[PDB]
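One-based numbering, in listed order, for ligands and for the atoms of each. When a residue number appears, it is its place in the shown sequence, counting from 1.
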Amino acid sequence: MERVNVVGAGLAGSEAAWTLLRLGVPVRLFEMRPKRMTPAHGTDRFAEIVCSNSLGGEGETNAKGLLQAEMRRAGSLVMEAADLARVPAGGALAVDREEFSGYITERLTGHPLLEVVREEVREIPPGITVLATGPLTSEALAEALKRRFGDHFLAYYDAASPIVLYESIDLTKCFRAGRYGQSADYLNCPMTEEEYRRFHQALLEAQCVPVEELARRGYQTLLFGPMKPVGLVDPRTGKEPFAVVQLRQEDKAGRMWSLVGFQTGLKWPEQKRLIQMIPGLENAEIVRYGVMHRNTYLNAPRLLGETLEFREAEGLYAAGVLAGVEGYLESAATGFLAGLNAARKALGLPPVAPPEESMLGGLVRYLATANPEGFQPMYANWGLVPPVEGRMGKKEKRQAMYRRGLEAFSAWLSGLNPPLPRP
Ligand SMILES: Cc1cc2nc3c(=O)[nH]c(=O)nc-3n(C[C@H](O)[C@H](O)[C@H](O)COP(=O)(O)OP(=O)(O)OC[C@H]3O[C@@H](n4cnc5c(N)ncnc54)[C@H](O)[C@@H]3O)c2cc1C
């Protein structure tokens, strides 16, 4: 019909291309490597794994585990490669990285419907196009995306604060409120002077400014910063608290709230330790840890639909880190969806999206509808899907969520018209 462009042959680009091919749609796959390398890549292989060889935990209480199962059910090339290249790593799905990318490279390159172009794409290609250029998207394409969609809707670094599950918050210790300049819908966690003092020092021991760097500059620094109580009034004392930690709603459904101004580079167990010191958050469940690093991505809530098609550019898609996710598997899975919808478009069919119970479904809903102001990248986590009701233990609830999501995803796949062929 029409040959579809896929820009970038990483995790997301490789899966997109494959999905197009599986549906008999011809692909033009651009990859600048090796003509131009990124600071993190060392080969010219498709889907090169640049760091850890882990695709995440595979257990039935792990959100990444559910996403693995969905992609396996979908006949994903990345999962096929991963299962073949698997090496023992207790708990996690880990791979021999060269075998993995070699297998993926061979399968794609040897497909007759696939044409590979070894060039840096400097402008958005016309026609039906999937952009999947990753955290180290070439500067020229990044600037082309800004020119086309707006210079505040692409970032070159993230600065993400920890996000906690709302249902894990002890709300008796908080209050909704804003100060002048703020929306009245922040959650506030008040601290006494002694509570702040101990918090500040634990932060020293834990080691757009990273929050720990502010502590390091002194006791007063945080208080002048993101923990300033000015303009707030505790309705439990009728007074302005000594200090506060504010939380803001991140997802449309309200299951996920971030700590305001808590961008951080602390190790994950240190973040957990620190957050559980905050009144209201003592047994809060962190579902997305804070990070700050070089990372090119689009503001998905301002730009994309749940289908991963650009809302204001028909037949254009983003996948992977560029689309606002984080993680090898998350990149591949959004690659799959974007490739599926791009293929459908080429075939004159309307777009689809997985259900909200599935991890991929929960993930793309979040990309499309999360809080757009200061949007940060998201990885798979249980905050993304509806909870299971009950008084049974956490592990049992999560197992149920896993089973319900994989079942919803499988039914969705089965309903596909046209269907994806068996692997
Ligand atoms: C240093 C580092 C460490 C990471 N560690 C982990 C980790 O431990 N675990 C984890 O889950 N994830 C990790 N990631 C995060 C992320 O999940 C991976 O980067 C993942 O590969 C993202 O998939 P992707 O397809 O979106 O991007 P990529 O896999 O990077 O694919 C993008 C491709 O597009 C190409 N490209 C870029 N610009 C152009 C252009 N203009 N024209 C043509 N081609 C272009 C690139 O050469 C690249 O091949 C890490 C990332 C980095 C940078």
S.K.: Tell me the closest heavy-atom pair linking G324 and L367, and the distance in Å.
M.R.: O-CD2, 3.5 Å

S.K.: Is a side-chain N or O of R255 found less than 3.5 angstrom from the main chain of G383, in a donor-acceptor match?
M.R.: yes

S.K.: When you look at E115 and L29, which way does the side chain to side chain contact (heavy atoms under 4.5 Å, CB included) test go after all the steps?
M.R.: CA-CA 6 Å; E115 172 189 345; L29 180 61; over 6 Å; no

S.K.: Listed by chain and number, what are the ring pair (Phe, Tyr, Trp, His ring centres under 6.0 Å) partners of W257, not counting sequence neighbours?
M.R.: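 For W257 the ring pair (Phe, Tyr, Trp, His ring centres under 6.0 Å) partners, ignoring immediate neighbours, are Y166.
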
S.K.: Should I275 and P162 count as side-chain neighbours, where that means a heavy-atom distance under 4.5 Å?
M.R.: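 Yes. Closest side-chain heavy atoms under 4.5 Å.
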
S.K.: What are the distances between nitrogen or oxygen atoms of ligand 1 and protein nitrogen or oxygen atoms, counting only those under 3.5 Å?
M.R.:
residue	atom	partner	partner atom	Å
ligand 1	11 (O)	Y328	N	3.0
ligand 1	17 (O)	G327	N	3.0
ligand 1	17 (O)	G327	O	3.3
ligand 1	17 (O)	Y328	N	3.3
ligand 1	23 (O)	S331	OG	3.2
ligand 1	25 (O)	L11	N	3.1
ligand 1	25 (O)	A12	N	2.8
ligand 1	26 (O)	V321	N	3.0
ligand 1	29 (O)	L11	N	3.4
ligand 1	38 (N)	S138	N	3.1
ligand 1	41 (N)	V121	O	2.9
ligand 1	41 (N)	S138	OG	2.9
ligand 1	42 (N)	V121	N	2.9
ligand 1	44 (N)	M32	N	3.3
ligand 1	47 (O)	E31	OE2	2.6
ligand 1	47 (O)	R33	NE	3.3
ligand 1	49 (O)	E31	OE1	2.6
ligand 1	49 (O)	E31	OE2	3.3
ligand 1	49 (O)	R33	NE	2.9
ligand 1	49 (O)	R33	NH2	2.9

S.K.: On the ring face of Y156, is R294 found with NZ or CZ under 6.0 Å from the centre and within 45° of the axis?
M.R.: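 Output no; distance or angle outside limits.
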
